[PDB]
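As stored in work20.txt (compact mmCIF, C-alpha atoms (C1' of nucleotides)):
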```
# COMPACT_ATOMS: atom_id res chain seq x y z
CA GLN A 11 -48.69 7.38 63.20
CA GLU A 12 -45.67 9.12 61.64
CA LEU A 13 -43.39 6.09 62.19
CA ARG A 14 -43.84 4.10 58.99
CA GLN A 15 -41.07 5.93 57.10
CA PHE A 16 -38.65 3.66 58.97
CA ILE A 17 -40.35 0.76 57.19
CA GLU A 18 -40.10 2.76 53.96
CA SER A 19 -36.36 3.39 54.46
CA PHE A 20 -35.86 -0.29 55.32
CA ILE A 21 -37.70 -1.56 52.23
CA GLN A 22 -37.04 0.99 49.48
CA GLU A 23 -33.57 1.83 50.83
CA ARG A 24 -32.45 -1.78 50.36
CA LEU A 25 -34.33 -2.00 47.04
CA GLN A 26 -32.52 1.09 45.71
CA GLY A 27 -29.26 -0.16 47.23
CA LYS A 28 -29.54 -3.02 44.72
CA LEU A 29 -28.75 -0.68 41.83
CA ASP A 30 -25.11 -1.74 41.52
CA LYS A 31 -26.24 -5.39 41.25
CA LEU A 32 -26.71 -5.11 37.48
CA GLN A 33 -26.30 -8.25 35.36
CA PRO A 34 -27.52 -7.71 31.77
CA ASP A 35 -27.34 -11.43 30.87
CA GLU A 36 -29.64 -13.19 33.38
CA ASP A 37 -31.36 -10.53 35.52
CA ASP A 38 -34.68 -10.83 33.62
CA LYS A 39 -36.34 -12.55 36.59
CA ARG A 40 -33.99 -11.47 39.39
CA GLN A 41 -34.66 -7.73 39.01
CA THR A 42 -38.45 -8.20 38.79
CA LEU A 43 -38.52 -10.59 41.76
CA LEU A 44 -36.29 -8.23 43.77
CA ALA A 45 -38.60 -5.28 43.08
CA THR A 46 -41.68 -7.36 43.92
CA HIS A 47 -40.61 -9.34 47.00
CA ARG A 48 -38.16 -6.70 48.27
CA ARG A 49 -41.10 -4.71 49.67
CA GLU A 50 -44.10 -6.99 50.18
CA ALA A 51 -42.27 -10.27 50.86
CA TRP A 52 -39.73 -8.44 53.03
CA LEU A 53 -42.02 -8.83 56.04
CA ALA A 54 -42.26 -12.55 55.19
CA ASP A 55 -38.46 -12.78 55.00
CA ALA A 56 -38.17 -10.86 58.30
CA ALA A 57 -40.66 -13.25 59.88
CA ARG A 58 -39.12 -16.51 58.64
CA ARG A 59 -35.58 -15.17 59.16
CA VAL A 60 -36.41 -13.65 62.54
CA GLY A 61 -36.08 -17.04 64.26
CA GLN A 62 -32.47 -17.93 63.44
CA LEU A 63 -30.95 -15.57 66.04
CA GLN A 64 -31.11 -14.77 69.75
CA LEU A 65 -29.87 -12.18 72.23
CA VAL A 66 -26.75 -13.10 74.17
CA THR A 67 -24.43 -12.22 77.01
CA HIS A 68 -22.42 -15.49 77.20
CA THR A 69 -21.61 -16.30 73.56
CA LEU A 70 -19.54 -19.36 72.65
CA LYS A 71 -18.97 -18.58 68.94
CA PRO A 72 -16.01 -16.39 69.97
CA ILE A 73 -14.10 -19.34 71.47
CA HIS A 74 -14.06 -21.85 68.57
CA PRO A 75 -14.85 -21.53 64.83
CA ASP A 76 -17.85 -23.84 64.34
CA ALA A 77 -18.70 -24.85 67.92
CA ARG A 78 -22.48 -25.11 67.55
CA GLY A 79 -23.84 -24.95 71.08
CA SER A 80 -26.14 -22.95 73.35
CA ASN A 81 -25.27 -19.37 74.29
CA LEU A 82 -26.23 -17.74 77.59
CA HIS A 83 -28.69 -14.84 77.70
CA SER A 84 -28.73 -13.59 81.32
CA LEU A 85 -26.31 -11.49 83.35
CA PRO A 86 -24.24 -13.12 86.12
CA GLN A 87 -24.95 -12.44 89.78
CA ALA A 88 -23.04 -10.34 92.33
CA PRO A 89 -19.82 -11.83 93.79
CA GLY A 90 -20.14 -12.15 97.55
CA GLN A 91 -16.54 -11.31 98.47
CA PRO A 92 -14.80 -7.92 98.63
CA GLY A 93 -12.20 -6.96 96.02
CA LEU A 94 -13.05 -8.56 92.65
CA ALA A 95 -15.66 -7.42 90.12
CA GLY A 96 -16.35 -8.36 86.52
CA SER A 97 -19.07 -9.11 83.97
CA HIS A 98 -21.94 -9.13 86.51
CA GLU A 99 -21.51 -5.82 88.38
CA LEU A 100 -21.38 -3.93 85.07
CA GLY A 101 -23.75 -1.03 84.55
CA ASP A 102 -27.28 -0.83 83.13
CA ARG A 103 -25.88 0.51 79.83
CA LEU A 104 -25.20 -3.03 78.59
CA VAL A 105 -25.61 -4.16 74.98
CA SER A 106 -26.69 -7.69 74.04
CA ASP A 107 -25.05 -8.91 70.84
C1' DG B 1 65.37 -11.13 104.52
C1' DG B 2 64.00 -3.80 109.34
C1' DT B 3 60.75 -1.15 111.01
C1' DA B 4 59.76 4.23 110.66
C1' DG B 5 56.91 7.90 108.91
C1' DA B 6 55.19 11.36 106.20
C1' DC B 7 53.11 12.66 99.77
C1' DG B 8 51.93 20.58 98.73
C1' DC B 9 49.41 24.79 97.58
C1' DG B 10 46.93 28.36 93.46
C1' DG B 11 44.98 29.12 88.78
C1' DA B 12 42.98 29.06 84.40
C1' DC B 13 39.83 25.43 79.95
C1' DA B 14 38.12 29.23 72.43
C1' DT B 15 35.64 31.50 69.08
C1' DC B 16 33.06 30.86 63.70
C1' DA B 17 29.94 28.73 59.64
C1' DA B 18 27.84 24.84 57.42
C1' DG B 19 24.73 19.24 57.48
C1' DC B 20 22.30 16.55 49.94
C1' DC B 21 19.61 15.14 46.30
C1' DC B 22 16.42 10.79 43.47
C1' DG B 23 13.34 6.34 42.52
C1' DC B 24 10.94 2.44 44.95
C1' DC B 25 8.00 -0.68 49.60
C1' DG B 26 5.46 -8.36 46.42
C1' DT B 27 2.19 -11.89 45.56
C1' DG B 28 -1.23 -16.90 47.45
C1' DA B 29 -4.26 -19.52 51.29
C1' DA B 30 -6.64 -18.85 55.95
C1' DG B 31 -16.61 -18.00 55.97
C1' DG B 32 -20.61 -20.41 58.84
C1' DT B 33 -25.49 -21.46 57.56
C1' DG B 34 -29.60 -23.41 56.09
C1' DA B 35 -31.72 -24.55 51.59
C1' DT B 36 -32.84 -26.50 48.20
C1' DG B 37 -30.47 -29.86 44.63
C1' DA B 38 -28.86 -33.91 43.39
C1' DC B 39 -28.75 -38.04 44.88
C1' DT B 40 -31.46 -41.64 46.46
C1' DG B 41 -31.19 -47.24 48.82
```
Written as C-alpha cells, how would this file's structure read?
Amino acid sequence: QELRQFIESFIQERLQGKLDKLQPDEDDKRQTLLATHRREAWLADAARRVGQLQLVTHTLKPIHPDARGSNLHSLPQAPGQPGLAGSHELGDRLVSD
DNA sequence: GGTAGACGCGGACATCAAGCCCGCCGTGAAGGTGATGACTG
C-alpha cells in the first residue's frame, strides 16, 4: 500500500504552503489550529465539503452570474439526421467539470 | 447648311553612394457561497 504519500502531499503540502500566512499579532490560535486540523480534521473538511459540488456536462453558471439552478450531468444522444454533429457525438476522452 | 475617303514606318530609355539619435506608454469600479453572527418579533 504505497499510495498514502498522496494523502501526505495533500495534507502536509497545504500545511507547509501556509508558511507565507504569517500574522504576528493574532496568529496565536490560528497557527496552532491550522497545524492541528490541517491534517487530522482535513478528512472531516473533505467529507463535509465534499457535498457542495457535482459533476457536470450541461452547466448553467456560464450563462448568468448568480443563476442558481440545476446543471445537467449526462451526455446528449446521437442526432438521427445526416450532416450535423455536436456535443453528443464527441469522443470518450471527455472531461466533466 | 455635301458627301468622299484615307491617318506611316524604325529605333533607342543611365550609372553611383548614403537613410539619425534620446526619454517615455495612467489611474478607479466591475466574486458567489454558506456560515455563523447579530439580530430577533
Would you compute, for all listed atoms of region 13-24 of chain A, the axis-aligned bounding box grown by 6 Å on each side, and then report its centre and edge lengths in Å rounded to one decimal, as JSON?
```
{"center_x": -38.1, "center_y": 2.2, "center_z": 55.8, "size_x": 23.4, "size_y": 19.9, "size_z": 24.7}
```
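Of the residues under consideration (A:14, A:31, A:49, A:83), A:83 shows the shortest atom-to-atom contact distance to residue 65 (chain A) when counting all atoms listed in the file.
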Could you give me, as CSV, a per-residue list for chain B showing, wherever an atom lies at most 12 Å from an atom of chain A, the closest pair of atoms and their distance in Å to one decimal, using only C-alpha atoms (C1' of nucleotides) and sorting by chain then residue number from low to high?
```
residue,atom,partner,partner_atom,distance
B:31,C1',A:75,CA,9.7
B:32,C1',A:76,CA,7.0
B:33,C1',A:62,CA,9.8
B:34,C1',A:62,CA,9.6
```
| In Å to one decimal, how far is CA of residue 105 (chain A) from CA of residue 91 (chain A)? | 26.2 Å
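From CA of residue 63 (chain A) back to CA of residue 23 (chain A), the distance works out to 23.3 Å.
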| said: What does the structure give for the distance between CA of residue 58 (chain A) and CA of residue 21 (chain A), in Å to one decimal? | reply: 16.3 Å
| task | Scan for residues within 12 Å of the point (-22.0, -4.7, 85.4) in the coordinates of the file, using all atoms listed in the file, and reply as an MDAnalysis selection string. | result | chainID A and resid 67 84:89 95:105
| said: Restricting the calculation to only C-alpha atoms: of A:107, A:30, A:17, A:42, which residue gets closest to residue 70 (chain A)? | reply: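 So, comparing all the options, the nearest one is A:107.
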| task | Point out the residue among A:56, A:45, A:29, A:66 with the least atom-to-atom distance to residue 81 (chain A), counting only C-alpha atoms. | result |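 Result for the nearest residue to residue 81 (chain A): A:66.
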